[PDB]
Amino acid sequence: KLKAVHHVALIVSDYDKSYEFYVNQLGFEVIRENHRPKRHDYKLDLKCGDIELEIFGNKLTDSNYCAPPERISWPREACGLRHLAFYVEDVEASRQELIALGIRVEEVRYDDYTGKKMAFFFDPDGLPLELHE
């Protein structure tokens, strides 16, 4: 009886640069932020509607820093979670906002089955994110 998503987690390579992206550029509100010292990890918990986004990452300055492997994008993406789409009122306007922040967003396309406007953009590690009406 799986009622609702509780949270979606993601991995990032540079915790600082990604914090700046998710919190300061994309504007997500921070619920909590915790250092997990014997994980060589930080856990950053963001609010997105009624679910949480958990961002896991290390700072480049950490003494035990090891960069995670890069995401597989070509020729084929791997099995597992592929991309995350956010619901917005105005894809065109949110698209412009992103672009104003210096984030590149691909051209507006239409959902294949609903016709709703949508547009892809990428987090610093190339994670495909989507704006979707």
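Numbering starts at 1 and follows the sequence shown.
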key: Average Cα temperature factor in the PDB entry - higher stretch of 83-91, 28-36   = 28-36
key: Residue selected from 57, 75, 102, 69 by maximal Cα B factor   = 102
note = Quick tally, chain-level thirds of C-alpha B-factors: residue 4 sits in the middle
key: Third of the chain's Cα B-factor distribution that residue 62 belongs to, per the entry   = highest
inquiry  = Quick check for you: using the entry's CA B-factors within this chain, is residue 45 in the lowest, middle or highest third?
reply    = middle
query = In terms of the chain's CA B-factor thirds, is residue 51 lowest, middle or highest?
reply = middle
